[PDB]
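Participant: For reference, the file coords-v1.txt (compact mmCIF, C-alpha atoms and all ligand atoms) is included below:
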```
# COMPACT_ATOMS: atom_id res chain seq x y z
CA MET A 1 -25.59 -151.39 8.45
CA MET A 2 -23.41 -151.74 5.34
CA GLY A 3 -22.44 -154.91 3.44
CA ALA A 4 -19.27 -156.80 4.43
CA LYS A 5 -16.37 -157.09 1.95
CA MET A 6 -16.64 -160.56 0.42
CA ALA A 7 -13.82 -160.61 -2.16
CA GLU A 8 -11.73 -163.77 -1.92
CA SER A 9 -8.09 -163.34 -0.96
CA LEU A 10 -5.17 -165.68 -0.40
CA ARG A 11 -3.01 -165.96 2.71
CA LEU A 12 0.57 -165.38 1.60
CA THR A 13 3.59 -165.44 3.89
CA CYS A 14 6.11 -162.73 3.07
CA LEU A 15 9.32 -164.65 2.27
CA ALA A 16 11.43 -161.67 3.42
CA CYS A 17 10.00 -161.02 6.95
CA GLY A 18 7.53 -163.89 7.46
CA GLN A 19 4.43 -161.62 7.82
CA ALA A 20 1.09 -163.25 6.94
CA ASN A 21 -0.43 -161.11 4.15
CA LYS A 22 -3.83 -161.35 2.43
CA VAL A 23 -3.79 -160.83 -1.33
CA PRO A 24 -7.01 -160.30 -3.37
CA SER A 25 -7.36 -163.29 -5.72
CA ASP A 26 -7.74 -160.77 -8.55
CA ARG A 27 -4.50 -158.94 -7.80
CA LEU A 28 -2.06 -161.86 -8.22
CA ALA A 29 -0.46 -160.01 -11.16
CA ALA A 30 -0.53 -156.49 -9.60
CA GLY A 31 2.83 -156.80 -7.76
CA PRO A 32 1.38 -156.79 -4.23
CA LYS A 33 3.81 -155.80 -1.42
CA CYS A 34 4.12 -156.95 2.18
CA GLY A 35 2.42 -154.43 4.54
CA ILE A 36 5.23 -154.77 7.06
CA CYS A 37 8.56 -154.75 5.17
CA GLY A 38 7.56 -153.71 1.60
CA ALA A 39 8.93 -156.81 -0.15
CA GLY A 40 7.05 -157.93 -3.29
CA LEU A 41 4.84 -160.91 -2.51
CA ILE A 42 4.56 -162.31 -6.08
CA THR A 43 7.78 -161.54 -7.91
CA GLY A 44 8.26 -164.60 -10.14
CA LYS A 45 11.73 -164.86 -8.66
CA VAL A 46 13.35 -167.38 -6.24
CA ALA A 47 13.81 -166.34 -2.61
CA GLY A 48 16.46 -168.08 -0.43
CA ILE A 49 14.52 -168.56 2.81
CA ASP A 50 15.20 -169.70 6.34
CA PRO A 51 13.53 -172.48 8.40
CA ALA A 52 11.14 -170.09 10.29
CA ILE A 53 9.81 -168.55 7.04
CA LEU A 54 9.55 -171.99 5.48
CA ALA A 55 7.28 -173.37 8.25
CA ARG A 56 4.97 -170.39 7.81
CA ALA A 57 5.00 -170.39 4.01
CA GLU A 58 3.99 -174.10 3.80
CA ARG A 59 0.58 -173.11 5.07
CA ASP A 60 -0.16 -170.57 2.28
CA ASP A 61 -3.22 -170.39 0.01
CA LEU A 62 -1.01 -169.99 -3.06
CA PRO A 63 1.14 -173.12 -3.81
CA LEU A 64 4.81 -173.03 -2.67
CA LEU A 65 7.54 -174.98 -4.48
CA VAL A 66 10.78 -175.35 -2.48
CA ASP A 67 14.22 -176.40 -3.71
CA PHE A 68 16.11 -178.04 -0.81
CA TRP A 69 19.71 -177.67 -2.05
CA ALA A 70 23.33 -177.41 -0.83
CA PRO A 71 26.13 -175.48 -2.55
CA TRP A 72 28.66 -178.36 -2.36
CA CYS A 73 26.41 -180.45 -4.61
CA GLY A 74 27.23 -180.02 -8.34
CA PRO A 75 23.67 -180.86 -9.57
CA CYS A 76 22.22 -178.34 -7.10
CA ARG A 77 24.54 -175.64 -8.49
CA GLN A 78 23.54 -176.52 -12.05
CA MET A 79 19.85 -176.60 -11.09
CA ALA A 80 19.83 -173.03 -9.67
CA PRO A 81 19.34 -171.25 -13.06
CA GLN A 82 16.75 -173.92 -14.12
CA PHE A 83 14.76 -173.28 -10.93
CA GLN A 84 14.92 -169.49 -11.66
CA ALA A 85 13.49 -170.12 -15.18
CA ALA A 86 10.72 -172.28 -13.72
CA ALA A 87 9.92 -169.40 -11.33
CA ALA A 88 9.47 -166.89 -14.18
CA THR A 89 7.19 -169.39 -15.97
CA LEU A 90 5.11 -170.13 -12.89
CA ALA A 91 4.85 -166.48 -11.72
CA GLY A 92 1.36 -165.89 -10.27
CA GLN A 93 0.48 -169.60 -10.02
CA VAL A 94 3.23 -170.95 -7.78
CA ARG A 95 5.80 -169.15 -5.61
CA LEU A 96 9.31 -170.61 -5.62
CA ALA A 97 11.86 -170.61 -2.85
CA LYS A 98 15.08 -172.39 -1.98
CA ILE A 99 16.65 -173.44 1.32
CA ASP A 100 20.29 -174.42 1.87
CA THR A 101 20.27 -177.68 3.90
CA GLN A 102 23.97 -177.13 4.79
CA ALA A 103 23.19 -173.64 6.23
CA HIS A 104 20.05 -175.00 7.92
CA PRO A 105 20.83 -178.64 9.03
CA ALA A 106 17.55 -179.32 10.89
CA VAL A 107 15.28 -178.80 7.82
CA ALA A 108 16.40 -182.03 6.07
CA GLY A 109 15.09 -184.26 8.91
CA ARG A 110 11.85 -182.27 9.22
CA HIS A 111 10.94 -182.94 5.58
CA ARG A 112 12.68 -186.37 5.19
CA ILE A 113 14.92 -184.94 2.48
CA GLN A 114 16.84 -187.62 0.66
CA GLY A 115 18.66 -186.92 -2.60
CA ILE A 116 19.15 -183.24 -3.55
CA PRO A 117 18.16 -180.96 -5.23
CA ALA A 118 14.75 -181.98 -3.86
CA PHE A 119 11.63 -180.07 -4.87
CA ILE A 120 8.61 -180.17 -2.60
CA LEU A 121 5.22 -178.71 -3.59
CA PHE A 122 3.23 -177.37 -0.60
CA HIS A 123 -0.32 -176.04 -0.40
CA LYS A 124 -2.31 -175.02 2.70
CA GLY A 125 0.05 -176.87 5.07
CA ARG A 126 0.05 -180.11 3.06
CA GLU A 127 2.84 -181.55 0.87
CA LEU A 128 1.17 -182.20 -2.50
CA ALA A 129 4.18 -183.85 -4.20
CA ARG A 130 7.95 -184.05 -4.42
CA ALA A 131 10.66 -184.91 -6.90
CA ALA A 132 14.44 -185.16 -6.50
CA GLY A 133 17.28 -184.74 -9.00
CA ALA A 134 18.24 -181.96 -11.40
CA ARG A 135 16.00 -181.62 -14.49
CA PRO A 136 15.14 -178.93 -17.06
CA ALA A 137 12.89 -176.03 -16.06
CA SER A 138 10.07 -177.11 -18.37
CA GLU A 139 10.05 -180.63 -16.96
CA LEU A 140 9.65 -179.29 -13.42
CA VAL A 141 6.94 -176.83 -14.52
CA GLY A 142 5.07 -179.73 -16.18
CA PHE A 143 5.35 -181.87 -13.02
CA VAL A 144 4.08 -179.03 -10.87
CA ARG A 145 1.17 -178.10 -13.15
CA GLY A 146 0.16 -181.80 -13.29
CA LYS A 147 -0.01 -181.93 -9.51
CA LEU A 148 -2.01 -178.72 -9.28
CA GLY A 149 -4.48 -180.11 -11.82
CA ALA B 1 -29.47 -169.26 4.58
CA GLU B 2 -30.03 -165.60 5.64
CA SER B 3 -28.07 -162.30 6.02
CA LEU B 4 -26.55 -161.59 9.49
CA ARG B 5 -25.82 -158.31 11.27
CA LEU B 6 -22.30 -158.46 12.77
CA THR B 7 -20.58 -155.70 14.71
CA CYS B 8 -16.99 -155.16 13.62
CA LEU B 9 -15.14 -155.85 16.85
CA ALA B 10 -12.43 -153.42 15.74
CA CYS B 11 -14.32 -150.38 14.47
CA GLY B 12 -17.83 -150.98 15.78
CA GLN B 13 -19.41 -150.75 12.34
CA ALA B 14 -22.51 -152.84 11.64
CA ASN B 15 -21.82 -155.21 8.79
CA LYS B 16 -24.22 -157.39 6.84
CA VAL B 17 -22.91 -160.90 6.03
CA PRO B 18 -24.71 -163.79 4.21
CA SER B 19 -25.07 -166.73 6.66
CA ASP B 20 -23.85 -169.18 4.07
CA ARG B 21 -20.49 -167.38 3.62
CA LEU B 22 -19.25 -167.11 7.24
CA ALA B 23 -16.20 -169.16 6.26
CA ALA B 24 -15.37 -166.80 3.34
CA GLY B 25 -13.32 -164.42 5.54
CA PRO B 26 -15.71 -161.46 5.26
CA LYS B 27 -14.12 -158.04 6.12
CA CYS B 28 -15.56 -154.90 7.71
CA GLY B 29 -16.40 -152.55 4.86
CA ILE B 30 -15.12 -149.64 6.97
CA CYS B 31 -11.92 -150.63 8.76
CA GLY B 32 -11.15 -153.89 7.00
CA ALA B 33 -10.85 -156.10 10.08
CA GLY B 34 -11.82 -159.75 9.56
CA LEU B 35 -15.37 -160.33 10.90
CA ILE B 36 -15.06 -164.10 11.43
CA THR B 37 -11.49 -164.79 12.49
CA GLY B 38 -11.83 -167.75 14.89
CA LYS B 39 -9.64 -165.67 17.27
CA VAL B 40 -10.29 -163.70 20.51
CA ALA B 41 -10.72 -159.92 20.21
CA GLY B 42 -9.99 -157.71 23.24
CA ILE B 43 -12.89 -155.23 23.09
CA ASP B 44 -14.03 -152.07 24.81
CA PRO B 45 -17.40 -151.28 26.42
CA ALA B 46 -18.73 -149.31 23.37
CA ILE B 47 -18.04 -152.18 20.98
CA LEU B 48 -19.46 -154.70 23.51
CA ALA B 49 -22.73 -152.73 23.72
CA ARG B 50 -23.24 -152.97 19.93
CA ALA B 51 -21.96 -156.54 19.52
CA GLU B 52 -24.38 -157.97 22.10
CA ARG B 53 -27.14 -157.34 19.52
CA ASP B 54 -25.57 -159.33 16.66
CA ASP B 55 -27.24 -162.10 14.60
CA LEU B 56 -24.32 -164.43 15.31
CA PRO B 57 -23.89 -165.50 18.96
CA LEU B 58 -21.18 -163.70 20.91
CA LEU B 59 -19.37 -165.20 23.87
CA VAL B 60 -17.56 -162.72 26.11
CA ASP B 61 -14.86 -163.52 28.69
CA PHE B 62 -14.97 -160.90 31.49
CA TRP B 63 -11.45 -161.14 32.82
CA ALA B 64 -8.63 -159.29 34.58
CA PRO B 65 -4.89 -159.78 34.38
CA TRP B 66 -4.38 -159.72 38.19
CA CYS B 67 -6.53 -162.89 38.46
CA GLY B 68 -4.49 -166.15 38.21
CA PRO B 69 -7.41 -168.29 36.95
CA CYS B 70 -8.07 -165.61 34.25
CA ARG B 71 -4.43 -165.80 33.06
CA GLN B 72 -4.73 -169.61 32.99
CA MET B 73 -8.07 -169.38 31.17
CA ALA B 74 -6.72 -167.10 28.37
CA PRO B 75 -5.19 -169.80 26.15
CA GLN B 76 -8.21 -172.08 26.83
CA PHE B 77 -10.52 -169.28 25.59
CA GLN B 78 -8.31 -168.97 22.44
CA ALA B 79 -8.65 -172.78 21.89
CA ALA B 80 -12.46 -172.45 22.26
CA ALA B 81 -12.45 -169.60 19.71
CA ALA B 82 -10.65 -171.77 17.11
CA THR B 83 -13.12 -174.64 17.71
CA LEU B 84 -16.20 -172.40 17.51
CA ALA B 85 -15.09 -170.39 14.47
CA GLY B 86 -18.09 -169.59 12.28
CA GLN B 87 -20.60 -170.63 14.93
CA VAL B 88 -19.84 -168.22 17.79
CA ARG B 89 -17.54 -165.18 17.95
CA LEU B 90 -15.38 -164.80 21.04
CA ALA B 91 -14.24 -161.59 22.72
CA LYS B 92 -12.70 -160.69 26.05
CA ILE B 93 -12.97 -157.48 28.07
CA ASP B 94 -10.51 -156.40 30.76
CA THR B 95 -12.66 -155.48 33.80
CA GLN B 96 -9.65 -153.82 35.42
CA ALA B 97 -9.04 -151.60 32.35
CA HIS B 98 -12.81 -151.01 32.11
CA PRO B 99 -13.90 -150.84 35.74
CA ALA B 100 -17.66 -150.25 35.25
CA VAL B 101 -18.41 -153.08 32.76
CA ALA B 102 -18.52 -155.87 35.41
CA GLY B 103 -21.14 -154.04 37.54
CA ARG B 104 -23.18 -153.26 34.43
CA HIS B 105 -23.32 -157.03 33.70
CA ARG B 106 -24.02 -158.25 37.26
CA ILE B 107 -20.56 -159.90 37.22
CA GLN B 108 -19.08 -160.99 40.51
CA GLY B 109 -16.52 -163.79 40.15
CA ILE B 110 -14.10 -163.83 37.19
CA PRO B 111 -13.43 -165.25 34.72
CA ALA B 112 -17.07 -164.97 33.81
CA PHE B 113 -18.54 -165.83 30.44
CA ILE B 114 -21.74 -164.41 28.95
CA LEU B 115 -23.23 -165.82 25.75
CA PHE B 116 -25.30 -163.20 23.83
CA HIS B 117 -27.49 -163.44 20.70
CA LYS B 118 -29.74 -160.67 19.21
CA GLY B 119 -29.59 -158.58 22.39
CA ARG B 120 -30.51 -161.51 24.65
CA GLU B 121 -28.36 -163.25 27.22
CA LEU B 122 -28.52 -166.96 26.33
CA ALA B 123 -26.31 -168.18 29.19
CA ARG B 124 -23.80 -167.16 31.83
CA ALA B 125 -21.05 -169.18 33.53
CA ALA B 126 -18.37 -168.26 36.10
CA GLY B 127 -14.93 -169.77 36.82
CA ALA B 128 -12.11 -171.16 34.64
CA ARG B 129 -12.69 -174.41 32.74
CA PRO B 130 -10.95 -176.36 29.95
CA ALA B 131 -11.75 -175.31 26.37
CA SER B 132 -13.64 -178.61 25.72
CA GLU B 133 -16.00 -177.91 28.62
CA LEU B 134 -16.72 -174.31 27.61
CA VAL B 135 -17.28 -175.32 23.96
CA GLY B 136 -19.62 -178.16 25.12
CA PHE B 137 -21.57 -175.76 27.35
CA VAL B 138 -21.96 -173.13 24.62
CA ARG B 139 -22.98 -175.66 21.93
CA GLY B 140 -25.58 -177.08 24.37
CA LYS B 141 -27.12 -173.60 24.80
CA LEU B 142 -27.38 -173.13 21.04
CA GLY B 143 -29.50 -176.27 20.53
ZN ZN C 201 7.53 -158.63 4.61
ZN ZN C 202 -14.31 -152.20 11.19
ZN ZN C 203 -24.07 -155.76 27.98
```
Translate the structure described by the file into C-alpha cells.
Facilitator:
Amino acid sequence: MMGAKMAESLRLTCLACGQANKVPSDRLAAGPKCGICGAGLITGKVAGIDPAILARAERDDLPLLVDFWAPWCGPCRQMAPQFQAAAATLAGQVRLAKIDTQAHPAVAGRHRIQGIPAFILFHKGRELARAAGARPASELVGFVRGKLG
Amino acid sequence: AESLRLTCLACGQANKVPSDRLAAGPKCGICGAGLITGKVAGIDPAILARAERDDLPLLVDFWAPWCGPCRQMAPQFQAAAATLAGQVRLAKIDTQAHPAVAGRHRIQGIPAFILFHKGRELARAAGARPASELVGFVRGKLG
C-alpha cells in the first residue's frame, strides 16, 4: 500500500500524430514531447493540422486557438506571420494551429466558418469564442486572454 | 471523505487514494496507469484476486470472445464504465484465455457480472443487457 500519484496534468493532443498525451501542469515550460512520435507538445509555434487532429485537439485541457485560412485569400496570407507572433507570445498558455479550408473542404461546414481568416478558441471540447478578419498579433492575444479570463 | 485502497488494474500494486479526489485522475505510483479511468480494463486472475478486496466497488464482466452475446455486450459494458466512472470500476476477464477463473467464481452462463466491494460479493447477474439496465442494477445494489 503506497500513495497514488495525485499531480494534476493536462490532456494534450499531439498535433503531429494525434496521440492523447498527459502533461504535468508544472511542466508546461519544460518542452514536453509526444510519447509516440517525439514531436514537441508545447512549442510556441503554429502547426498546420488536418481535420482528424483538429477534432481530437478541440477536446484538450490546454486552450487551442485555430486559424481557419486558405492560401488564395490575401488577408489570410498576410495574417500568417501575425498568427506566428501571437503563438510565441501565448506559448504555454494557448496552443496555436492552422487548417487550410481549401485543402480540407469539410471543416468549414463543421465549424460554420464564414469570413476568413477565422480564429476559433477551443477548450475541453467547447468553443469559447471566435473572431474573423486579419488583425495585429497583439490584438488577437488580447482577445484570447480576455476570453480565458 | 476517507482514503481508499485501489488495486492498480495494470500492475497489481495497492494504491491509496483520497475518496474526495477520485475525479483527479490519480495514477499508480508504481507503473503509472490511471486508477480511475472510466474505461474497461481486461485483467488477469492475479490482478482480479487483489482487486476484489478494494475500497471502491469493482464490477467484473466474465466473458469469452466465442460467445455472441458477450461480443454484443462489450460496447454496452464500455458505456456502463463511462457512466459509472468514479463510483464503480469496471474490468473484464476472458474465461477462455483464463480457463479456471469461471469455475473459481461459480460462473455458469456468460456474460456474467459480479459486483465486489472490500472482499465481499455484493451482487451477481448473468446474461447480456443494455448499459442503462446494468448501471441501474449496480446503483441499486450500492444503496
Ligand atoms: Zn505525436
Ligand atoms: Zn500500476
Ligand atoms: Zn474472486
Participant: Around ligand ZN 201 (chain C), out to 8 Å and counting only C-alpha atoms and all ligand atoms, which residues are there? I want them as a ChimeraX atom specification.
Facilitator: /A:13-19,33-41
Participant: Would you list which chain B residues are within 12 Å of chain A using only C-alpha atoms, as an MDAnalysis selection string?
Facilitator: chainID B and resid 3:8 12:36 50 54
Participant: Kindly provide, as a PyMOL selection string, all nucleotide and amino acid residues lying within 7 Å of ligand ZN 203 (chain C), counting all atoms listed in the file.
Facilitator: chain B and resi 48-49+52+104-105
Participant: Mind writing the picked residues with C-alpha atoms as a tab-separated table (two decimals), in the coordinates of the input?
Facilitator:
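Done, and the output landed in again-v2.tsv:
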```
chain	number	residue	atom	x	y	z
B	48	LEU	CA	-19.46	-154.70	23.51
B	49	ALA	CA	-22.73	-152.73	23.72
B	52	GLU	CA	-24.38	-157.97	22.10
B	104	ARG	CA	-23.18	-153.26	34.43
B	105	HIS	CA	-23.32	-157.03	33.70
```
Participant: Restricting the calculation to all atoms listed in the file, which member of A:27, A:110, A:11, A:45 is positioned closest to residue 89 (chain A)?
Facilitator: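 Closest to residue 89 (chain A) of all the choices is A:45.
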Participant: What's the 10 Å shell around residue 109 (chain B), counting only C-alpha atoms, without same-chain residues fewer than 6 positions away, as a PyMOL selection string?
Facilitator: chain B and resi 62-63+102+125-127
Participant: For the residues in the current selection, export C-alpha atoms as a compact mmCIF listing (two decimals), in the coordinates of the input.
Facilitator:
```txt
# COMPACT_ATOMS: atom_id res chain seq x y z
CA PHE B 62 -14.97 -160.90 31.49
CA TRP B 63 -11.45 -161.14 32.82
CA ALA B 102 -18.52 -155.87 35.41
CA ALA B 125 -21.05 -169.18 33.53
CA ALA B 126 -18.37 -168.26 36.10
CA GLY B 127 -14.93 -169.77 36.82
```
Participant: Rank B:138, B:42, B:47, B:59 by their smallest atom-to-atom distance to ligand ZN 202 (chain C), using only C-alpha atoms and all ligand atoms, and report the top residue only.
Facilitator: B:47
